[PDB]
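See below for the structure under consideration.
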Amino acid sequence: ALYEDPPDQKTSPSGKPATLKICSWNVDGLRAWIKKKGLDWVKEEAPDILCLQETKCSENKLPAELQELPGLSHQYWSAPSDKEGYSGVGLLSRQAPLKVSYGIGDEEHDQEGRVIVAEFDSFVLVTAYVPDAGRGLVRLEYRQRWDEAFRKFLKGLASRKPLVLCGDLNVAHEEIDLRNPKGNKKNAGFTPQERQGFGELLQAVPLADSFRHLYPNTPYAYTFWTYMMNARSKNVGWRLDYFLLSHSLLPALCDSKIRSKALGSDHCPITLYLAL
DNA sequence: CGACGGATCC
DNA sequence: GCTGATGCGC
DNA sequence: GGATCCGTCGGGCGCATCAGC
């Protein structure tokens, strides 16, 4: 069945106005995403913080339009040291973070430009392109170790301000998070190993799924669709993109959106509204 | 990884 | 510089 | 035999390299 994201709730449960909008988007090729008119959707969306994943683009090769967004002038980029054309993350902010760091503090996992940490006054933001388990599950065991190191890095993130984890976590937590869970329990992103790791992220850090807290039984809500067999036209997809938040932030949670109409990638943009 | 084809199931 | 084959990873 | 279970195949994209010119 198709999916129409409910209208934006730009007010919290206590009637407080959204002071912060964050947009996360796996662009599957930032230079391609821009030629495909992706920055135009960002302009219309006017986010305060824009997190991008799978940039596939080093810093010296970023298109000049990216350095022309005035409401997103604070830009921070991370790419693999060896694999050019692979992975890559980005954080564009209206206001300068107090602190910007890269990696989960672990050499085995900090080589593929997958994590940017940005400390703001009231919260700590973390964008992530989590390792894929791969065709045939070749990189599953690596994903399992990444999960362990990520869980630990996040739980002890130095200080005590709430956490907003955003990005491509590369798993569909439960069966409601993908069209075909039965034929994908042995396919990357639906292995029980990965699904349990997400569960442990939630219990250990701890964190909550913004979208699922608001929409616990909303089906067909996906963020990724294979380009193959035009899976997007039939909404056969997976929710791999999320905003996970400390429970301290749930009183500030106005909404968590899925922008199913925005094109440019095999992923759709997600958006969080927060009243801080 | 969605689609498909074969195998099995009551 | 520019394109197309080839390879690799989603 | 309609419905379900499950393994195999073939394929959309982006970007890198390299050759040729």
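The basis for the numbers below is simple: all heavy atoms, side chains too, and nothing from hydrogens, waters or symmetry mates. Quick note on labels: first sequence line is chain A, next is B, and so on, each numbered from 1.
The side-chain hydrogen bond (donor to acceptor under 3.5 Å, both in side chains) test applied to A:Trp41 returns no partner, not counting sequence neighbours. By the side-chain hydrogen bond (donor to acceptor under 3.5 Å, both in side chains) test, A:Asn230 pairs with no residue at all, sequence neighbours left out. A:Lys16 pairs by the side chain to side chain contact (heavy atoms under 4.5 Å, CB included) definition with A:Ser12, A:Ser14, A:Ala275, not counting sequence neighbours. Residues passing the ring pair (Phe, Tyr, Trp, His ring centres under 6.0 Å) test with A:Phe153: none are found, sequence neighbours excluded. Residues passing the side chain to side chain contact (heavy atoms under 4.5 Å, CB included) test with A:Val236 are A:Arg179, A:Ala231, A:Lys234, sequence neighbours excluded. Under the rule for a ring pair (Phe, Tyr, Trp, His ring centres under 6.0 Å), A:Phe243 has no partner lying at least two apart in sequence or in another chain. Residues meeting the side-chain hydrogen bond (donor to acceptor under 3.5 Å, both in side chains) test with A:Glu108, sequence neighbours left out: A:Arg145. The ring pair (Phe, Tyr, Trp, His ring centres under 6.0 Å) search around A:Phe211 returns A:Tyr215, not counting sequence neighbours.
Less than 4.0 Å separates DNA chain B from at least one heavy atom of each of the following residues of residues 232-243 of chain A: A:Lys234, A:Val236, A:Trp238.
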Provide a list of protein-nucleic acid N or O atom pairs under 3.5 angstrom, restricted to nucleotides 2-8 of chain C.
none

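Sorted by first and then second residue, the pairs that involve residues 256-276 of chain A and meet ring pair (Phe, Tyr, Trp, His ring centres under 6.0 Å), not counting sequence neighbours, are A:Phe224-A:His267.
Salt-bridge check for A:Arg151 with A:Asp147: failed, with every basic side-chain N at 4.0 Å or more from each acidic carboxylate O.
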Original post:
Where along nucleotides 8-15 of chain D does protein come under 4.0 Å, by heavy atom, of base (B) or sugar-phosphate alone (S), with - for untouched nucleotides?
Top reply: ---BBSBS
